[PDB]
Amino acid sequence: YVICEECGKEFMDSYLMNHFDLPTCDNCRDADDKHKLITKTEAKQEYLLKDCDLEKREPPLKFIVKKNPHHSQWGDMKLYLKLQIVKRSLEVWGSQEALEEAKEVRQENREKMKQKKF
Amino acid sequence: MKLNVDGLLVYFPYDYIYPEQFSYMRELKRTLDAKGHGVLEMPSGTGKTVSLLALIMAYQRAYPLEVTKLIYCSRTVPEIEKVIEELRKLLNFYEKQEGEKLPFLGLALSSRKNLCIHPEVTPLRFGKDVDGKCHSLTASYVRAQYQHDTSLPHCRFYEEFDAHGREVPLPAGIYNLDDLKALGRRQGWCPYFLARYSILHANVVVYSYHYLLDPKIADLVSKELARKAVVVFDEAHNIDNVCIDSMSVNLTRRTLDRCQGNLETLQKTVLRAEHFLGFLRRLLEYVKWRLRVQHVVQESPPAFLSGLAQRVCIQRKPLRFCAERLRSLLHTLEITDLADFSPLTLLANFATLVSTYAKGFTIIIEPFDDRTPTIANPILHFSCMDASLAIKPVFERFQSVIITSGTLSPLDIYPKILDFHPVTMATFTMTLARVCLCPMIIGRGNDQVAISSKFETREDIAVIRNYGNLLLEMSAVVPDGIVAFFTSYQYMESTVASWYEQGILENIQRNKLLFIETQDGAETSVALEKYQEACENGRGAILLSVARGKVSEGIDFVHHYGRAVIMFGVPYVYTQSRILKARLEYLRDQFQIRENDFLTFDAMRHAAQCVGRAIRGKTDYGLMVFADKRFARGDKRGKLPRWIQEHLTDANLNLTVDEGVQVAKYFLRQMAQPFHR
DNA sequence: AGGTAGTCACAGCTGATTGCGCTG
DNA sequence: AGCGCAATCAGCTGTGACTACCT
Ligand code: SF4
Ligand SMILES: [Zn+2]
C-alpha cells in the first residue's frame, strides 16, 4: 500500500503514482492548480532546464504523451508534473533567486546579441 | 576447431571465426549465465545459425541440467529446412571429430499438409481442409470403431503407430521433415503423430512462430515440455506485427453467408448439448445488425459485451465456454469435414476473445473497399492493439527468450513495445577485408530540388522526373540487377505511368529490362523467374516492387542478383482505415510512445529490412541508396542497424544524383578486384 | 639607440542560443 | 504550434609577423 501525502489514506493504485511515481491518491490529486502539467518547451524556457537535467539527473522525471489538438501531424506534447519541474530547478540552481537572476541575465544577453547583430 | 570461451571449449565446424561471431558467442554465454532474456542484432543471415547451434550444444554438454529444450522458431519453411541441414552438418562434424555418437534428437515441425503420406489429400490446395480430413479419417471414434474392424476407408498409419511406434524410441539421430516422412512411410506411421510422441524425448526442435504466438495451438504443442528451456526467434524484426495478427480476425459478407448456410445443415444434423444448440442460432443477427447500419465506425471494446447483453440479453458467462464446447460438441456430432465450417469456429474464437480479452483491444467496422468503396461491405475486424499479449505466455514459461534479426537497431523500443526486460543492449557490425556495402542517401536532384516522396509532392512533375532520371542513369552503372522498392502500389503505378508518358521509360528499357511486381502470386513468381533469368546473362533487369509486399521479404537477393537496392521515399504505412491510429493512441496513452517516433521506427525498420537483403555472404556485395531527403535527418538515420551506420559516412547524406552515380561507379569499380580469405 | 607585449589576419575547438522542419 | 535536429554566434586559443613606446 502507498500512503498519500495529503490525506494519509492507504491506496493501491493512483494516476500520479502510475505516471510520475508520486505518492498521491486521485482524491487529493489537485491537477487543476497544484498538479498542473506543462509542456516540455514551456518548462525548459521558464526554468532554464536542459535535456540532461530532465532525463539524466537522478531521479529521472517521467512524462505523459498527449495528442496535439491543433494539428494531428504535428509533434505530440510532452507533459511534465509542475511540482517535479520546480523541485528539479531548485535543486539544480540552488534557489529561486538564482533562477530569477539567470533569466534576467539571459534576456540581457539576448538584447546584447541583437544590438551587436544590428 | 575448439573455441575456448571464458569457461568452456566449443567445437565449431569452421576453423576460422570472425570477431563478430566470437563477440556474439561471448554475449550469448553471458546471457545464458545471467539466466535472463535478451535481444541481439547481427548482419549475416548465414553463419549466425551455426554459431548459435554450436554454443547451444556446448552449453547443453557443460550444463545438461540448466538447459533441456531448445526452440528455434523462424518465419517460414525454407528457414526451417536450412537450419535443419545446418544442424545435420554440425552433427556430422561432431561425429567426424569425436568418433562416438550422442543421444541427441532434433526434429522439424510443420502443418498437416507438410507432413502427410496419403495421396488422396496431397494434390488439393486447401490448407483449411487438410486438418479436417485428417481428423475425419482418424479420431477417437475411428479408434473406437477400429476394434470391430469396420469396413470403411480410413487412415491406418495411426492404427499401427499406437501399437508399434509407442515403444521403440529414437534417442539418437536428428531427422529432417523428409526424413520423418520417409521413416513414417517405411514404418507405416504418421509423421505428425510420431513427432508428437517424440517431442517429449528430444533435445532440439524447430517450427514456425504460429505454434507459440497463437494461443489456440501453443498449449497443445507446448504445455509441460520443459520448465527451463531456451527459445530464439531468428529474423524477428517484425515480431510485433505477427503478434498483433495472432489475435486479429476479420468478418465480411461471405463469412456471414457461409455461417447462415451451414447453420441449417447443423440444425438438420442435430434434429436427427442444448446449452449451445439454441445459443448459436441468434448470434448471427446481432452482428448482421451492423450490416444494415450505415455508419462510419463504432468503437466499444468494453461496451461490446454490454451491447450484446441488451439486444439479445445474454449473460457473459456462456461466452467463455465456446472454446471447451468446440472440442466436445463437434466430435459428438461427427463432422464429416471442416469444409464450409471454419467460419463457425472463428466466430467462437472471436466470442471467446471479446469475452476474455477486452483491456487492450478495439473493435473497428470499416465500410470501405478498394475502387468500390460503398456498395455493400461493412467489414468488422477485431484488431489487436497490444503486442505484449501474444508474447506474455512465453516470457513467463521460458528463461532466455532471445530476439535476433538483421534489423533490430533500436533496442530501447522493443522492450517497451512488448513487456520485456533486456539485459544485453548488444549489436554487432560485420568486418571484412573491404567494405561490402555502400549505403548513401540521395537528396536533391540535378535541379537542386528535393526528391522527397512527401504526400503534397507525390503528384509533382519535378520529383517524378528526378526519380526517373535517378533510375535511368543509375541503371547504366550497376550491372545485372537492380531492386527498387516503392512506398505503395498506387504511388508505384502512378510514377511508372508518368515515366511512360514521358520519353524516359524507354531509356531505362534500353539499359535494363523492367519487371513490375503485382498482387497476383503466379504473376509475381513468373516475373521473379524471368528477372532471375535476365540477371543470369548480361541483359540486366529492374525489379520494381513495394516495400510492404510479399516479395520484399519472400526472397533474398544474393550476390549478382540485385547489386543495387533503391528506396524511392521513406515507406510510411497508410494512416487511413482507422487501424494504425488506434494502435498509435494505445501506445501513446499506455507505453508513452510518441506517435511520430513509432511511425519513423516502423518506416526505417521496413526500409532497413528490405535493403539489407542484398548482403548474403562474405563475398557478396551490394549498393544501397535511399532516394529521399527525409532519410538525411538524424532521427531516421539513427534507426538504421549499426552494421549500416558506420558505412554511411557523412560525406554522402544529401548528395545529388550525379554524385551518387559517381560514388556508385567508384564503389563498383573498386569491389570487382580479387580479395583474400 | 634597442627589445617585448599588444594587435591583426585566419584558422581551429567547444559552449550555449534560435530558427526551420515535423508521417499516408 | 509543441518537439527536435541543425544552423549560428561567443569565448578562448594557436601561428605567424608587424608595430608603438622608453631606459
Ligand atoms: S494421420 Fe497422418 S498420414 Fe493420416 S491423414 Fe492425418 S496427417 Fe496424413
Ligand atoms: Zn489523499
# chains A, B, ... in the order shown; residues from 1 in each chain; ligands from 1
call {"tool": "interface_residues", "arguments": {"of": "chain B", "to": "chain C", "cutoff": "8 Å", "atoms": "only C-alpha atoms (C1' of nucleotides)", "output": "list in words"}}
result
residues 455, 572, 573, 574, 575, 576, 596, 599 and 600 of chain B
call {"tool": "select_by_dssp", "arguments": {"residues": "region 20-114 of chain A", "states": "helix (DSSP H, G or I)", "output": "ChimeraX atom specification"}}
result
/A:20,40-47,51-55,82-93,96-114
call {"tool": "residues_near_ligand", "arguments": {"ligand": "ligand 2", "cutoff": "8 Å", "atoms": "only C-alpha atoms (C1' of nucleotides) and all ligand atoms", "output": "mmCIF file with N, CA and C atoms, in the first residue's frame"}}
result
data_model
loop_
_atom_site.group_PDB
_atom_site.id
_atom_site.type_symbol
_atom_site.label_atom_id
_atom_site.label_comp_id
_atom_site.auth_asym_id
_atom_site.auth_seq_id
_atom_site.Cartn_x
_atom_site.Cartn_y
_atom_site.Cartn_z
ATOM 1 N N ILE A 3 0.887 5.375 1.034
ATOM 2 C CA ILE A 3 0.241 6.360 1.893
ATOM 3 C C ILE A 3 0.267 7.716 1.203
ATOM 4 N N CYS A 4 -0.903 8.339 1.086
ATOM 5 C CA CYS A 4 -0.994 9.658 0.473
ATOM 6 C C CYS A 4 -0.323 10.704 1.353
ATOM 7 N N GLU A 5 0.332 11.672 0.712
ATOM 8 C CA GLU A 5 0.986 12.749 1.443
ATOM 9 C C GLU A 5 0.011 13.821 1.905
ATOM 10 N N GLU A 6 -1.211 13.832 1.374
ATOM 11 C CA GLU A 6 -2.196 14.844 1.737
ATOM 12 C C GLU A 6 -3.182 14.338 2.786
ATOM 13 N N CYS A 7 -3.858 13.222 2.507
ATOM 14 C CA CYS A 7 -4.856 12.683 3.422
ATOM 15 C C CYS A 7 -4.337 11.537 4.277
ATOM 16 N N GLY A 8 -3.327 10.807 3.810
ATOM 17 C CA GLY A 8 -2.786 9.689 4.552
ATOM 18 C C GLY A 8 -3.537 8.387 4.397
ATOM 19 N N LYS A 9 -4.626 8.368 3.631
ATOM 20 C CA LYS A 9 -5.393 7.148 3.428
ATOM 21 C C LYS A 9 -4.630 6.198 2.514
ATOM 22 N N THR A 24 0.407 10.041 -4.276
ATOM 23 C CA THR A 24 -0.786 10.832 -4.008
ATOM 24 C C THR A 24 -1.984 10.158 -4.658
ATOM 25 N N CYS A 25 -3.067 10.016 -3.900
ATOM 26 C CA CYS A 25 -4.273 9.396 -4.425
ATOM 27 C C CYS A 25 -5.015 10.357 -5.350
ATOM 28 N N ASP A 26 -5.942 9.795 -6.132
ATOM 29 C CA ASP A 26 -6.709 10.606 -7.070
ATOM 30 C C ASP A 26 -7.641 11.575 -6.352
ATOM 31 N N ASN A 27 -8.074 11.236 -5.135
ATOM 32 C CA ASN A 27 -8.950 12.131 -4.386
ATOM 33 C C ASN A 27 -8.244 13.437 -4.045
ATOM 34 N N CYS A 28 -6.973 13.360 -3.659
ATOM 35 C CA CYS A 28 -6.180 14.538 -3.337
ATOM 36 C C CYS A 28 -5.428 15.092 -4.540
ATOM 37 N N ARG A 29 -5.610 14.507 -5.720
ATOM 38 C CA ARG A 29 -4.923 14.961 -6.926
ATOM 39 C C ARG A 29 -5.514 16.296 -7.361
#
call {"tool": "atom_distance", "arguments": {"atom1": "CA of residue 587 (chain B)", "atom2": "CA of residue 60 (chain A)"}}
result
20.8 Å
call {"tool": "closest_atom_pairs", "arguments": {"of": "chain B", "to": "ligand 1", "cutoff": "10 Å", "atoms": "only C-alpha atoms and all ligand atoms", "output": "tab-separated table"}}
result
residue	atom	partner	partner_atom_place_in_ligand_line	distance
B:111	CA	ligand 1	7 (S)	8.7
B:112	CA	ligand 1	7 (S)	5.1
B:113	CA	ligand 1	7 (S)	7.1
B:114	CA	ligand 1	7 (S)	8.6
B:115	CA	ligand 1	7 (S)	6.1
B:116	CA	ligand 1	8 (Fe)	3.9
B:117	CA	ligand 1	3 (S)	4.8
B:118	CA	ligand 1	8 (Fe)	5.4
B:119	CA	ligand 1	8 (Fe)	8.8
B:120	CA	ligand 1	5 (S)	8.7
B:121	CA	ligand 1	5 (S)	7.5
B:122	CA	ligand 1	8 (Fe)	8.9
B:130	CA	ligand 1	5 (S)	7.9
B:131	CA	ligand 1	6 (Fe)	7.3
B:132	CA	ligand 1	6 (Fe)	9.1
B:133	CA	ligand 1	5 (S)	6.9
B:134	CA	ligand 1	6 (Fe)	3.9
B:135	CA	ligand 1	6 (Fe)	6.7
B:136	CA	ligand 1	5 (S)	8.6
B:137	CA	ligand 1	5 (S)	6.4
B:138	CA	ligand 1	1 (S)	6.2
B:139	CA	ligand 1	1 (S)	8.9
B:154	CA	ligand 1	4 (Fe)	8.2
B:155	CA	ligand 1	4 (Fe)	4.9
B:156	CA	ligand 1	4 (Fe)	6.8
B:157	CA	ligand 1	4 (Fe)	5.8
B:158	CA	ligand 1	1 (S)	6.0
B:159	CA	ligand 1	1 (S)	9.2
B:161	CA	ligand 1	1 (S)	9.9
B:181	CA	ligand 1	3 (S)	9.2
B:184	CA	ligand 1	3 (S)	8.3
B:185	CA	ligand 1	3 (S)	8.6
B:188	CA	ligand 1	3 (S)	8.9
B:189	CA	ligand 1	3 (S)	7.2
B:190	CA	ligand 1	2 (Fe)	4.1
B:191	CA	ligand 1	2 (Fe)	6.2
B:192	CA	ligand 1	2 (Fe)	5.9
B:193	CA	ligand 1	2 (Fe)	6.8
B:194	CA	ligand 1	2 (Fe)	9.3
call {"tool": "closest_atom_pairs", "arguments": {"of": "chain A", "to": "chain B", "cutoff": "8 Å", "atoms": "only C-alpha atoms", "output": "CSV"}}
result
residue,atom,partner,partner_atom,distance
A:63,CA,B:592,CA,7.8
A:64,CA,B:592,CA,6.2
A:65,CA,B:592,CA,5.6
A:66,CA,B:588,CA,6.8
A:75,CA,B:596,CA,6.8
A:76,CA,B:594,CA,6.7
call {"tool": "write_last_selection", "arguments": {"atoms": "N, CA and C atoms", "output": "compact mmCIF listing (two decimals), in the first residue's frame"}}
result
# COMPACT_ATOMS: atom_id res chain seq x y z
N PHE A 63 7.02 11.56 -17.94
CA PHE A 63 6.15 12.48 -18.67
C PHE A 63 5.00 11.70 -19.29
N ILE A 64 3.96 12.43 -19.68
CA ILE A 64 2.78 11.87 -20.33
C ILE A 64 2.69 12.44 -21.74
N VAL A 65 2.50 11.56 -22.72
CA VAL A 65 2.40 11.96 -24.12
C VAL A 65 0.92 12.11 -24.46
N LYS A 66 0.55 13.26 -25.02
CA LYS A 66 -0.82 13.53 -25.42
C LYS A 66 -0.86 14.07 -26.84
N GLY A 75 4.01 17.40 -33.73
CA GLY A 75 4.58 16.69 -32.60
C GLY A 75 3.69 16.63 -31.38
N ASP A 76 3.59 15.44 -30.78
CA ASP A 76 2.81 15.28 -29.56
C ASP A 76 3.48 15.99 -28.40
call {"tool": "atom_distance", "arguments": {"atom1": "CA of residue 543 (chain B)", "atom2": "CA of residue 598 (chain B)"}}
result
29.0 Å
call {"tool": "closest_residue", "arguments": {"among": "B:632, B:287, B:251, B:417", "to": "chain D", "atoms": "only C-alpha atoms (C1' of nucleotides)"}}
result
B:632
call {"tool": "atom_distance", "arguments": {"atom1": "CA of residue 301 (chain B)", "atom2": "CA of residue 344 (chain B)"}}
result
21.6 Å
call {"tool": "interface_residues", "arguments": {"of": "chain A", "to": "chain C", "cutoff": "10 Å", "atoms": "only C-alpha atoms (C1' of nucleotides)", "output": "PyMOL selection string"}}
result
chain A and resi 72-75+106+110
call {"tool": "closest_atom_pairs", "arguments": {"of": "chain D", "to": "chain A", "cutoff": "10 Å", "atoms": "only C-alpha atoms (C1' of nucleotides)", "output": "Markdown table"}}
result
| residue | atom | partner | partner_atom | distance |
| --- | --- | --- | --- | --- |
| D:1 | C1' | A:70 | CA | 7.3 |
| D:2 | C1' | A:77 | CA | 5.6 |
| D:3 | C1' | A:75 | CA | 5.9 |
| D:4 | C1' | A:75 | CA | 9.3 |
| D:9 | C1' | A:113 | CA | 8.3 |
| D:10 | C1' | A:113 | CA | 9.4 |
call {"tool": "write_last_selection", "arguments": {"atoms": "N, CA and C atoms (P, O5', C5', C4', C3', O3' and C1' of nucleotides)", "output": "short mmCIF file (atom, residue, chain, number, x, y, z; two decimals), in the first residue's frame"}}
result
data_model
loop_
_atom_site.label_atom_id
_atom_site.label_comp_id
_atom_site.auth_asym_id
_atom_site.auth_seq_id
_atom_site.Cartn_x
_atom_site.Cartn_y
_atom_site.Cartn_z
P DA D 1 -1.42 28.78 -32.97
"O5'" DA D 1 -0.41 27.65 -32.45
"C5'" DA D 1 -0.92 26.48 -31.83
"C4'" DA D 1 0.19 25.46 -31.62
"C3'" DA D 1 1.31 25.90 -30.68
"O3'" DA D 1 1.76 24.80 -29.90
"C1'" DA D 1 2.20 25.47 -32.84
P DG D 2 0.97 24.37 -28.57
"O5'" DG D 2 2.03 24.57 -27.39
"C5'" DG D 2 3.40 24.21 -27.57
"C4'" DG D 2 3.59 22.70 -27.48
"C3'" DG D 2 4.92 22.27 -26.90
"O3'" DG D 2 4.85 20.90 -26.52
"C1'" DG D 2 4.94 21.96 -29.23
P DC D 3 6.13 20.17 -25.87
"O5'" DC D 3 6.91 19.57 -27.13
"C5'" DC D 3 8.28 19.25 -27.02
"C4'" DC D 3 8.67 18.15 -27.99
"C3'" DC D 3 10.16 17.84 -28.04
"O3'" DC D 3 10.36 16.49 -28.41
"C1'" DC D 3 9.49 18.85 -30.08
P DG D 4 11.75 15.76 -28.06
"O5'" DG D 4 12.63 15.96 -29.38
"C5'" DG D 4 12.09 15.60 -30.64
"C4'" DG D 4 13.01 16.06 -31.76
"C3'" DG D 4 14.49 16.13 -31.38
"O3'" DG D 4 15.28 15.57 -32.41
"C1'" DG D 4 13.80 18.19 -32.28
P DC D 9 25.91 33.96 -37.41
"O5'" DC D 9 26.32 34.36 -35.92
"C5'" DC D 9 25.37 35.00 -35.08
"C4'" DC D 9 25.75 34.86 -33.62
"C3'" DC D 9 27.07 35.52 -33.22
"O3'" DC D 9 26.89 36.20 -31.98
"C1'" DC D 9 27.09 33.26 -32.57
P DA D 10 27.90 37.37 -31.53
"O5'" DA D 10 28.29 36.97 -30.03
"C5'" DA D 10 28.30 35.61 -29.65
"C4'" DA D 10 28.78 35.44 -28.23
"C3'" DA D 10 30.05 36.19 -27.88
"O3'" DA D 10 30.16 36.32 -26.47
"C1'" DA D 10 30.51 33.87 -28.22
#
call {"tool": "closest_atom_pairs", "arguments": {"of": "chain B", "to": "chain D", "cutoff": "9 Å", "atoms": "only C-alpha atoms (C1' of nucleotides)", "output": "Markdown table"}}
result
| residue | atom | partner | partner_atom | distance |
| --- | --- | --- | --- | --- |
| B:633 | CA | D:5 | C1' | 7.2 |
| B:634 | CA | D:5 | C1' | 6.9 |
| B:635 | CA | D:5 | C1' | 7.7 |
call {"tool": "write_last_selection", "arguments": {"atoms": "N, CA and C atoms", "output": "CSV table (one decimal), in the first residue's frame"}}
result
chain,number,residue,atom,x,y,z
B,633,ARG,N,17.9,13.2,-42.3
B,633,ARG,CA,17.7,13.7,-41.0
B,633,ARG,C,18.2,12.6,-40.0
B,634,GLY,N,18.8,13.1,-38.9
B,634,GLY,CA,19.4,12.2,-37.9
B,634,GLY,C,18.4,11.2,-37.3
B,635,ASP,N,17.1,11.7,-37.0
B,635,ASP,CA,16.2,10.9,-36.4
B,635,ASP,C,15.8,9.6,-37.1
call {"tool": "closest_residue", "arguments": {"among": "B:65, B:522, B:365, B:249", "to": "residue 345 (chain B)", "atoms": "only C-alpha atoms"}}
result
B:249
call {"tool": "select_by_dssp", "arguments": {"residues": "region 18-97 of chain A", "states": "strand (DSSP E or B)", "output": "PyMOL selection string"}}
result
chain A and resi 37-39+64-66+77-81
call {"tool": "write_last_selection", "arguments": {"atoms": "N, CA, C and O atoms", "output": "mmCIF file, in the first residue's frame"}}
result
data_model
loop_
_atom_site.group_PDB
_atom_site.id
_atom_site.type_symbol
_atom_site.label_atom_id
_atom_site.label_comp_id
_atom_site.auth_asym_id
_atom_site.auth_seq_id
_atom_site.Cartn_x
_atom_site.Cartn_y
_atom_site.Cartn_z
ATOM 1 N N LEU A 37 0.003 20.149 -15.447
ATOM 2 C CA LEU A 37 1.010 19.624 -16.358
ATOM 3 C C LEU A 37 1.361 20.683 -17.395
ATOM 4 O O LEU A 37 0.470 21.334 -17.949
ATOM 5 N N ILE A 38 2.656 20.851 -17.651
ATOM 6 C CA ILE A 38 3.149 21.858 -18.581
ATOM 7 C C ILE A 38 3.967 21.176 -19.666
ATOM 8 O O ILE A 38 4.545 20.104 -19.456
ATOM 9 N N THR A 39 4.013 21.807 -20.836
ATOM 10 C CA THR A 39 4.753 21.254 -21.958
ATOM 11 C C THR A 39 6.256 21.350 -21.711
ATOM 12 O O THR A 39 6.736 22.172 -20.926
ATOM 13 N N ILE A 64 3.961 12.432 -19.684
ATOM 14 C CA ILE A 64 2.779 11.873 -20.329
ATOM 15 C C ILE A 64 2.694 12.439 -21.740
ATOM 16 O O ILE A 64 2.801 13.656 -21.935
ATOM 17 N N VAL A 65 2.505 11.560 -22.717
ATOM 18 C CA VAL A 65 2.395 11.956 -24.116
ATOM 19 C C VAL A 65 0.919 12.106 -24.461
ATOM 20 O O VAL A 65 0.122 11.193 -24.219
ATOM 21 N N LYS A 66 0.554 13.256 -25.023
ATOM 22 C CA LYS A 66 -0.820 13.531 -25.416
ATOM 23 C C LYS A 66 -0.859 14.073 -26.836
ATOM 24 O O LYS A 66 0.090 14.705 -27.307
ATOM 25 N N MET A 77 2.680 16.637 -27.566
ATOM 26 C CA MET A 77 3.222 17.396 -26.449
ATOM 27 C C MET A 77 3.651 16.467 -25.320
ATOM 28 O O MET A 77 2.965 15.494 -24.996
ATOM 29 N N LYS A 78 4.802 16.770 -24.727
ATOM 30 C CA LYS A 78 5.299 16.057 -23.558
ATOM 31 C C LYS A 78 4.971 16.875 -22.317
ATOM 32 O O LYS A 78 5.411 18.024 -22.194
ATOM 33 N N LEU A 79 4.209 16.286 -21.403
ATOM 34 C CA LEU A 79 3.725 16.980 -20.217
ATOM 35 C C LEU A 79 4.452 16.460 -18.986
ATOM 36 O O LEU A 79 4.455 15.253 -18.724
ATOM 37 N N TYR A 80 5.062 17.373 -18.238
ATOM 38 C CA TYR A 80 5.755 17.055 -17.001
ATOM 39 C C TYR A 80 4.995 17.639 -15.818
ATOM 40 O O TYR A 80 4.310 18.658 -15.941
ATOM 41 N N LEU A 81 5.114 16.978 -14.671
ATOM 42 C CA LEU A 81 4.492 17.479 -13.454
ATOM 43 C C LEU A 81 5.173 18.770 -13.016
ATOM 44 O O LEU A 81 6.405 18.849 -12.970
#
call {"tool": "residues_around", "arguments": {"residues": "residue 223 (chain B)", "least_positions_apart": "6", "cutoff": "12 Å", "atoms": "only C-alpha atoms (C1' of nucleotides)", "output": "compact mmCIF listing (two decimals) with C-alpha atoms, in the first residue's frame"}}
result
# COMPACT_ATOMS: atom_id res chain seq x y z
CA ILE B 199 8.98 -34.17 -28.87
CA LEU B 200 8.95 -35.17 -25.19
CA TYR B 211 2.96 -22.54 -32.89
CA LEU B 212 3.86 -20.24 -29.97
CA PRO B 215 -2.71 -19.43 -28.03
CA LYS B 216 -5.04 -21.92 -29.74
CA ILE B 217 -2.11 -24.21 -30.63
CA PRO B 393 2.67 -16.70 -22.31
CA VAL B 394 6.27 -17.36 -23.47
CA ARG B 397 7.23 -20.01 -19.38
CA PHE B 398 10.85 -19.63 -20.57
call {"tool": "residues_around", "arguments": {"residues": "residue 54 (chain B)", "least_positions_apart": "2", "cutoff": "8 Å", "atoms": "only C-alpha atoms (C1' of nucleotides)", "output": "list in words"}}
result
residues 10, 11, 12, 50, 51, 52, 56, 57, 58 and 90 of chain B
call {"tool": "residues_around", "arguments": {"residues": "residue 269 (chain B)", "least_positions_apart": "6", "cutoff": "10 Å", "atoms": "only C-alpha atoms (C1' of nucleotides)", "output": "list in words"}}
result
residues 263, 333, 334 and 335 of chain B
call {"tool": "write_last_selection", "arguments": {"atoms": "C-alpha atoms", "output": "short mmCIF file (atom, residue, chain, number, x, y, z; two decimals), in the first residue's frame"}}
result
data_model
loop_
_atom_site.label_atom_id
_atom_site.label_comp_id
_atom_site.auth_asym_id
_atom_site.auth_seq_id
_atom_site.Cartn_x
_atom_site.Cartn_y
_atom_site.Cartn_z
CA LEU B 263 -26.32 -23.44 -39.52
CA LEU B 333 -21.79 -34.52 -33.90
CA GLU B 334 -19.29 -36.46 -36.08
CA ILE B 335 -18.46 -33.69 -38.53
#
